[PDB]
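Let me begin by presenting the structure, written as structure tokens, before commenting on it.
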Amino acid sequence: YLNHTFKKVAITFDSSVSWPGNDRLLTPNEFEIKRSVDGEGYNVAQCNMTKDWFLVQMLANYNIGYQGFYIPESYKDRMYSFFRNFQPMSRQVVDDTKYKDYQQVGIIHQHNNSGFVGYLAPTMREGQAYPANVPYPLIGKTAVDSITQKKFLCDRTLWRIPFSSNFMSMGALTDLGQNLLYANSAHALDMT
Amino acid sequence: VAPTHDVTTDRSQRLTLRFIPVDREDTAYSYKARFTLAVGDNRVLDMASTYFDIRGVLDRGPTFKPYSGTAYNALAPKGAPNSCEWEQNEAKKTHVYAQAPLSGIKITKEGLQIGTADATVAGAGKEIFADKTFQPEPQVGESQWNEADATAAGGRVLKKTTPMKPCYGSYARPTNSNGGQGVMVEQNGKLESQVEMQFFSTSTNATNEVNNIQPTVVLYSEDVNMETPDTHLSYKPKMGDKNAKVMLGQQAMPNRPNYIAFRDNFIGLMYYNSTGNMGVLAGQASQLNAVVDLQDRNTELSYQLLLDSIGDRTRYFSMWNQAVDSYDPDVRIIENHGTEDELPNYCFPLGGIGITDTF
Amino acid sequence: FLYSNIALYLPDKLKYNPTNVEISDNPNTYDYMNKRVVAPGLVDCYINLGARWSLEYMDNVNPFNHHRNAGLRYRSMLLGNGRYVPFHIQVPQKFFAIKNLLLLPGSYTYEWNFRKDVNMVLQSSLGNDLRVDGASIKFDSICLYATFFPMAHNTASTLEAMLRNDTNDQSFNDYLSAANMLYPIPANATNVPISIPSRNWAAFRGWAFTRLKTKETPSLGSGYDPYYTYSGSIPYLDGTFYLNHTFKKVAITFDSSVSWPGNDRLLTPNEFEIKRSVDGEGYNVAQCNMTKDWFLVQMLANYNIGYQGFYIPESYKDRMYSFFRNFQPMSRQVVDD
Amino acid sequence: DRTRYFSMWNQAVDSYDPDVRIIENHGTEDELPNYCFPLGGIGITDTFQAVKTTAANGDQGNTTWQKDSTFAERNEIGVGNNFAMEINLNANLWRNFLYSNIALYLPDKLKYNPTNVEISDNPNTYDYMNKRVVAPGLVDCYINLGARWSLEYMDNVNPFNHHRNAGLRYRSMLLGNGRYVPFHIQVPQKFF
Amino acid sequence: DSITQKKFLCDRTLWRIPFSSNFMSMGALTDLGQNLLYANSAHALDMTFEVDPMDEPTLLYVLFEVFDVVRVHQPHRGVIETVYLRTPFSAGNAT
Amino acid sequence: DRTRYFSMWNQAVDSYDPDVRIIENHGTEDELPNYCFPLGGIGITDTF
Amino acid sequence: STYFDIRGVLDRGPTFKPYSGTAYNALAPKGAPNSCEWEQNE
Amino acid sequence: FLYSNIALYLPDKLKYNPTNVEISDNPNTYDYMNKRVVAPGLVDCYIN
Ligand SMILES: [Ca+2]
């Protein structure tokens, strides 16, 4: 229940080369899963996840994406399947800057449905009727200037990366694992 | 084992390409754009993996309203209105309806004294009173049901200037920093919090008795802004404004939900089948269009059916807002079994005994 | 539950103004729908009690325009809950002939255009002219993305050489592949004759047909209809329909001289008796009012089933947009008089 | 498949709800007391008169004159936590559903005769079933709590016949709410 | 005493009338569509619709299932060549 | 599949409610109020 | 086929509670006392 | 539904100590969790 919390990963062999090598990724130096404010706008499905990561995962799990995307077939999508555990969410709340009458209001000084419910604990009611003050307006003819933020939710699956030429699953034993240029000598590993 | 080789190149080559619109124009109702794509030497491409990326701003109008019900004092009964007061002739007097939730200690010449300070060296706990701003709140009260009915107590209602509104579906924006609703008028600045304290005593003891009249209630009259952005009145006693005694019965009901949004599959976002704004795809060698279409090729419905025909539909996909229109079947056709009206339910007094009778 | 869900969506000829409340005269604005009132006790628990049955009026209302639409809730909530939002969306390429076309090296000009009208771009749960309620929109920028496949240069060149030869081109067809013509039915009409002048009939396949509401169908050709006011689901472009029960009977003729089924093939050698009224030849089946002939026709035409009895079709072969999945017969008892 | 239904053959097998035959009782969520209120909200009130405090140039704090200058003396005011009545909600629904849908079919040998009424001597007459009274306390809400279990009293009873079988309800409603009904059926030859 | 009323409802679909001689989906092309008689001349067409009454103006939507196809070829570098065809009606020009 | 159970190996995979992970908000439908009444029905009364 | 068989005793502990809500005068008003009597001064 | 199913699992740091009752000291004891209380205002229906 944490895999959504990762920020970014980097690889290298012998302090020499970024793993993708040739410019196969929009940011060859480092991987990129989710971003803060993004001028380019690489996030898709309304989430904040860089598209290339979506492509990587889709390929690495179901060999789908080089010719477009669509819902995977049922049987391939198992219980611990990536796609069964993807939930993009978003909301919009009240800005402080662009609005003038904004007021930071701690819980102690807040009242809604007063006179019909307990105060800071579930006991018998108390108070007099009064219009509330917490739930800010976000509709209608008198709403307030706002700001929108979004995140995604994933859990009960694993982030994975195949050591393939083009990330597909072209057999159990991979190809780069055979290549005598990178499968007949020794090297060291560093990750961040 | 995987295939050995002759699948992947080794000279560098991008895995994804982005292109800028060379040409863009806009009209009254629609806008046109044109790009110059380039499939390079020894590079091959399938069209299915191309789309368009669009970003922008929108407002769903004021009428947008997702939730049913309402979220401003929902639990309250639909009848009881807020504490208030109004004018009425016999040449003009005031009538007041109000409820005071909090019991203090003892009244003073200026304002109810809540607690005392800590006594110190010549500092014997100066009598600490309220604080108009908000000292009196709108939720405090005696904890348990066996209330002792203390001899002093307060509350608050605003002036007759503000129009009367039912408690249900009522909101007011905070103005004081620490959670107190009240109109801040200007007096060489916003410094003024025009709150007026009023004192009240029992009517018969205020008429004539063996003592000078003795207040036991303190009220704080103030003024705020009001609105009910989600509810509208259901029954109006009179057809006029200027709250009177009758208008204490006005009640309201919430407004219906509104669920506007982007139709499925962005249908209609792009022109098709219309000889007006016919799209173009061609080789740059010459102006020779490849895409020719007619007025009847209803690609929309066809593509919808086809997209259905190749797999399941129930799951929704957020890549392109892929989700079909749904409706519960019970709505269209009801199966009115009835109910289970067996052994009935009851409500009981909060202490559990209605009224005892000293014996 | 009953009162809310049903009563708040009834035809407007059972709604009257509320006293002492100002109400706009416009028959479309949101406030007009909200403020108009209707009597609860009309539909209370004493109604048809005991009947897998549906109310008479509701048969001819557009059900999908509603608030139970889990899909509509999904889409709108995706956006969020506000009067103002920016967006960051993608759009796929529709047209069939170039949908899966396989491209080849070159330099190609691409060009398209999009609508800005709120009504088409938007689709409300209730239904009101957005152009009155001032819904706003603006497109900031547009970029074009595409993906590739890191192939092998030798292999790619060989594939290109094997592709460009005019012996092996690419071929495509539309999945529907039908001609579509719409005709008007005036108010309270019942009879429509339709004619087609003599022409060749090579390679034809058959007919489909349904009924639509003139108010809820935008016109073709024009880049924008000033006189268009509706913002619910659009059956001509959504696949939702309800007027099927309205069809009663249909007959075919060639050269005004021969009935198409020709010799003795059905009970009626003259036309497709879809649903017979109250008549006593015992010609409908399955406790509905649909004649055996039409039911058999549809069953065969969808599954090649019927000459070997009947049964349930197969789930995988069947689909959401099928005949059999969406067919409900019902019956009820009512006071004699 | 047998789950799906077909009209013309009366395609429906009798099915019984799973949880009805086997109860998994878990209580409810009862941390907030439910409160009903007077139609005018504030129940009772006392009569009060406005009182404008004296000038009080000395020792006249509470000393006050009648403010009848601008106020009617018939004011209504309440003091204290407002009157209201209490109730639980979910426990009551749970009890009602239990009592009906399980109790009403106990073995007859445990429900005695009613009083001041007429119950048919014949055991099988409908009135007989409709007339015996069965004590709800046997199947009260707190029965075998936290126990996936079946009531051995109910065991040998035939749970197929009930008032929650979708198949029977379907085959009933197919012929509408009534008493004098015609019908237009067909039947298939069943010999192998 | 009372009477009886039976109705039905079947939405989210469109009815079909195949152009076979047996109303059977034998193949993607009807045998009749390959029969000479309806293939070697021209013939007039007429249809009659009778429907339940309704108040507001409505529309009748008619679909003729046909073959619509397109063939696309590339002769050389940077050239795209397209030829469409609808079966029974018209397109473009025939000089 | 793992969505069914089996006593033999204590076999059942834990899960959670969908709506708990992400809640939804539509309010409810409450136009008709709800009323309690006195057990008799008229309670108050006045000699006549 | 092969699998182990284990039989034994266990005590869940005094901090077990399998059901939500409560099972003693469920419909009792959340504050109502019962029949009682108590001491007090003169 | 909201109060129970959400509120009664918030992190400890947002729920204070009770008053005028006994309470344990180990932050993992069952009685610690039960006897901790938290304001029902943070997840009432008047939210998101
Ligand atoms: Ca009195």
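Each chain in the structure tokens gets a letter, A, B, ..., in the order shown, and its residues are numbered from 1; ligands are numbered from 1 in order too.
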Any idea which chain C residues end up within 8 Å of chain A if we count only C-alpha atoms, as a tab-separated table (two decimals) with N, CA, C and O atoms, in the first residue's frame please?
chain	number	residue	atom	x	y	z
C	78	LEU	N	-14.61	12.69	-12.20
C	78	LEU	CA	-13.25	12.68	-12.63
C	78	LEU	C	-12.84	14.10	-12.59
C	78	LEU	O	-11.81	14.44	-12.03
C	79	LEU	N	-13.64	14.95	-13.20
C	79	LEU	CA	-13.25	16.33	-13.26
C	79	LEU	C	-13.06	16.81	-11.85
C	79	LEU	O	-12.02	17.35	-11.51
C	80	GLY	N	-14.07	16.60	-11.00
C	80	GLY	CA	-14.00	17.05	-9.61
C	80	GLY	C	-15.29	17.58	-9.01
C	80	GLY	O	-16.30	16.90	-9.03
C	81	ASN	N	-15.26	18.79	-8.48
C	81	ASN	CA	-16.46	19.38	-7.93
C	81	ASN	C	-16.30	20.86	-7.85
C	81	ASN	O	-16.17	21.40	-6.77
C	82	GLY	N	-16.34	21.54	-8.99
C	82	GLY	CA	-16.21	22.98	-9.00
C	82	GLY	C	-16.81	23.69	-10.19
C	82	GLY	O	-17.17	23.07	-11.17
C	83	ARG	N	-16.89	25.00	-10.12
C	83	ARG	CA	-17.49	25.76	-11.18
C	83	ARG	C	-16.46	26.12	-12.20
C	83	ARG	O	-16.78	26.67	-13.25
C	84	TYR	N	-15.20	25.83	-11.89
C	84	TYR	CA	-14.13	26.18	-12.81
C	84	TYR	C	-12.92	25.25	-12.72
C	84	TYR	O	-12.38	25.06	-11.64
C	85	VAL	N	-12.46	24.71	-13.85
C	85	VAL	CA	-11.37	23.74	-13.83
C	85	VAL	C	-10.59	23.81	-15.14
C	85	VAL	O	-11.18	24.07	-16.20
C	87	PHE	N	-8.01	21.50	-17.80
C	87	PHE	CA	-7.96	20.09	-18.19
C	87	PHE	C	-6.82	19.83	-19.16
C	87	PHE	O	-6.33	20.73	-19.85
C	88	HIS	N	-6.44	18.55	-19.22
C	88	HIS	CA	-5.15	18.07	-19.71
C	88	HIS	C	-5.33	16.77	-20.51
C	88	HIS	O	-4.63	15.78	-20.29
C	89	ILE	N	-6.27	16.74	-21.44
C	89	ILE	CA	-6.82	15.49	-21.94
C	89	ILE	C	-6.17	15.07	-23.25
C	89	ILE	O	-5.46	15.84	-23.90
C	90	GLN	N	-6.43	13.83	-23.65
C	90	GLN	CA	-6.05	13.24	-24.92
C	90	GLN	C	-7.29	13.00	-25.77
C	90	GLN	O	-8.41	13.02	-25.28
C	147	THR	N	4.27	7.32	-31.22
C	147	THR	CA	5.22	6.34	-30.72
C	147	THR	C	5.82	5.55	-31.88
C	147	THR	O	5.25	5.47	-32.96
C	148	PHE	N	6.99	4.96	-31.63
C	148	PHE	CA	7.67	4.16	-32.64
C	148	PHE	C	8.07	2.79	-32.12
C	148	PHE	O	7.67	2.39	-31.02
C	149	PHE	N	8.85	2.07	-32.90
C	149	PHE	CA	9.29	0.72	-32.57
C	149	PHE	C	10.74	0.58	-32.99
C	149	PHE	O	11.05	0.64	-34.19
C	150	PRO	N	11.65	0.38	-32.06
C	150	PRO	CA	13.07	0.33	-32.43
C	150	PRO	C	13.42	-0.93	-33.18
C	150	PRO	O	13.97	-1.88	-32.62
Query raised in the report: Could you name the residues that touch residue 27 in chain G at 12 Å or less, counting only C-alpha atoms, but leaving out those on the same chain fewer than 4 positions away, as number ranges by chain?
Result: B: 345-348, 352; D: 28, 30, 33-34, 86-95, 140-142; G: 21-23, 31-32
Report task. Tell me, in Å to one decimal, how far CA of residue 79 in chain D is from CA of residue 251 in chain B. Result ->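 Atom-to-atom, CA of residue 79 in chain D and CA of residue 251 in chain B are spaced 24.1 Å apart.
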Query raised in the report: Could you pull the residues within 7 Å of range 6-12 of chain B, counting only C-alpha atoms, minus those fewer than 3 positions along the same chain, as a list in words?
Result: residues 22, 23 and 165 of chain A; 150, 151, 152 and 153 of chain C
Requested in this report: Counting only C-alpha atoms and all ligand atoms, name the residues that have an atom within 9 Å of an atom of ligand 1; the answer should be given as a list in words.
Outcome: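 The residues near ligand 1 are residues 44, 45, 46 and 47 of chain D.
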Atoms kept (C-alpha atoms) for selection, written as a tab-separated table (two decimals), in the first residue's frame:
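Writing the result to again-v7.tsv gives the following:
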chain	number	residue	atom	x	y	z
D	44	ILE	CA	-40.98	25.23	25.22
D	45	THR	CA	-40.38	28.87	26.04
D	46	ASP	CA	-41.09	31.44	28.73
D	47	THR	CA	-42.32	35.00	28.43
Query raised in the report: To one decimal place, how far is CA of residue 47 in chain H from CA of residue 65 in chain B in Å?
Result: 14.7 Å
Report task. Dump as a ChimeraX atom specification the residues of chain B that approach chain D to within 6 Å, counting only C-alpha atoms. Result -> /B:79-80,93-94,96-101,109,141,199-200,202-203,347-350
Output for the residues just chosen: N, CA and C atoms as a JSON list (two decimals), in the first residue's frame:
[["chain", "number", "residue", "atom", "x", "y", "z"],
["B", 79, "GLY", "N", -38.65, 23.15, 9.58],
["B", 79, "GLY", "CA", -39.49, 24.26, 9.98],
["B", 79, "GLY", "C", -38.82, 25.34, 10.81],
["B", 80, "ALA", "N", -38.11, 24.95, 11.86],
["B", 80, "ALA", "CA", -37.60, 25.92, 12.83],
["B", 80, "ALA", "C", -36.65, 26.89, 12.15],
["B", 93, "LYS", "N", -43.07, 48.52, 17.42],
["B", 93, "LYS", "CA", -42.40, 47.80, 18.49],
["B", 93, "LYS", "C", -41.70, 46.57, 17.92],
["B", 94, "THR", "N", -40.85, 45.95, 18.73],
["B", 94, "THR", "CA", -40.04, 44.82, 18.30],
["B", 94, "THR", "C", -40.52, 43.54, 18.98],
["B", 96, "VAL", "N", -39.30, 39.38, 19.39],
["B", 96, "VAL", "CA", -38.04, 38.64, 19.38],
["B", 96, "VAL", "C", -38.30, 37.16, 19.62],
["B", 97, "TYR", "N", -37.64, 36.30, 18.84],
["B", 97, "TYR", "CA", -37.66, 34.86, 19.04],
["B", 97, "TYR", "C", -36.21, 34.38, 19.10],
["B", 98, "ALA", "N", -35.85, 33.65, 20.15],
["B", 98, "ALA", "CA", -34.44, 33.32, 20.33],
["B", 98, "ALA", "C", -34.29, 32.21, 21.36],
["B", 99, "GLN", "N", -33.10, 31.63, 21.39],
["B", 99, "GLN", "CA", -32.76, 30.56, 22.32],
["B", 99, "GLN", "C", -31.33, 30.76, 22.79],
["B", 100, "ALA", "N", -31.11, 30.69, 24.10],
["B", 100, "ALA", "CA", -29.80, 30.97, 24.68],
["B", 100, "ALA", "C", -29.19, 29.70, 25.24],
["B", 101, "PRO", "N", -28.10, 29.21, 24.68],
["B", 101, "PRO", "CA", -27.64, 27.86, 24.99],
["B", 101, "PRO", "C", -26.76, 27.75, 26.22],
["B", 109, "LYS", "N", -22.51, 44.76, 34.67],
["B", 109, "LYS", "CA", -23.03, 45.98, 34.08],
["B", 109, "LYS", "C", -22.74, 46.08, 32.59],
["B", 141, "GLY", "N", -23.17, 24.27, 25.47],
["B", 141, "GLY", "CA", -24.38, 24.06, 26.25],
["B", 141, "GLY", "C", -24.10, 23.16, 27.43],
["B", 199, "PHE", "N", -30.07, 43.16, 27.43],
["B", 199, "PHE", "CA", -30.31, 42.47, 28.68],
["B", 199, "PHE", "C", -31.79, 42.14, 28.79],
["B", 200, "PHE", "N", -32.10, 41.02, 29.45],
["B", 200, "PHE", "CA", -33.47, 40.55, 29.50],
["B", 200, "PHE", "C", -33.77, 39.91, 30.85],
["B", 202, "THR", "N", -37.31, 38.25, 33.35],
["B", 202, "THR", "CA", -38.62, 37.63, 33.27],
["B", 202, "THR", "C", -39.70, 38.69, 33.19],
["B", 203, "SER", "N", -40.73, 38.41, 32.38],
["B", 203, "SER", "CA", -41.72, 39.42, 32.05],
["B", 203, "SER", "C", -42.49, 39.88, 33.28],
["B", 347, "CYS", "N", -39.41, 6.08, 19.81],
["B", 347, "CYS", "CA", -38.48, 7.06, 20.36],
["B", 347, "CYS", "C", -38.85, 7.30, 21.81],
["B", 348, "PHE", "N", -37.87, 7.69, 22.61],
["B", 348, "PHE", "CA", -37.99, 7.69, 24.06],
["B", 348, "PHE", "C", -37.34, 8.94, 24.63],
["B", 349, "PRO", "N", -37.71, 9.32, 25.86],
["B", 349, "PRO", "CA", -37.10, 10.51, 26.46],
["B", 349, "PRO", "C", -35.64, 10.28, 26.78],
["B", 350, "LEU", "N", -34.88, 11.38, 26.72],
["B", 350, "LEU", "CA", -33.42, 11.27, 26.80],
["B", 350, "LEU", "C", -32.97, 10.74, 28.15]]
What are the closest atom pairs, with distances in Å to one decimal, for all residues of chain F lying within 9 Å of chain A? Consider only C-alpha atoms, order rows by chain and residue number, and present the result as a tab-separated table.
residue	atom	partner	partner_atom	distance
F:1	CA	A:79	CA	7.8
F:2	CA	A:79	CA	7.5
F:3	CA	A:79	CA	8.5
Same residues, N, CA and C atoms, output as a PDB file, in the first residue's frame:
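Now in out_14.pdb:
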ATOM      1  N   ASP F   1      -8.186 -18.672 -10.227  1.00  0.00           N
ATOM      2  CA  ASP F   1      -8.835 -17.603  -9.488  1.00  0.00           C
ATOM      3  C   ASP F   1      -8.540 -17.700  -7.996  1.00  0.00           C
ATOM      4  N   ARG F   2      -8.561 -16.545  -7.333  1.00  0.00           N
ATOM      5  CA  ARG F   2      -8.393 -16.456  -5.891  1.00  0.00           C
ATOM      6  C   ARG F   2      -9.569 -15.747  -5.227  1.00  0.00           C
ATOM      7  N   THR F   3     -10.628 -15.440  -5.977  1.00  0.00           N
ATOM      8  CA  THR F   3     -11.748 -14.689  -5.426  1.00  0.00           C
ATOM      9  C   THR F   3     -12.740 -15.562  -4.671  1.00  0.00           C
TER      10      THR F   3
END
Query - DSSP-assigned alpha helix (DSSP H) among chain F, expressed as JSON, numbers by chain - result: {"F": [18, 19, 20, 21]}
Query raised in the report: What does the distance from CA of residue 121 in chain D to CA of residue 134 in chain D come to in Å, to one decimal?
Result: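 These atoms are spaced 17.9 Å apart.
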Query raised in the report: Quick one: which residues from chain B are at most 8 Å off chain F, using only C-alpha atoms, as a VMD selection string?
Result: chain B and resid 66 to 71 78 253 to 254
Report task. List every residue of chain A that DSSP, applied to the backbone, labels as strand (DSSP E or B), and write the result as a ChimeraX atom specification. Result -> /A:11-13,17,34,43,49-50,66,68,87-94,132,146-153,189-191
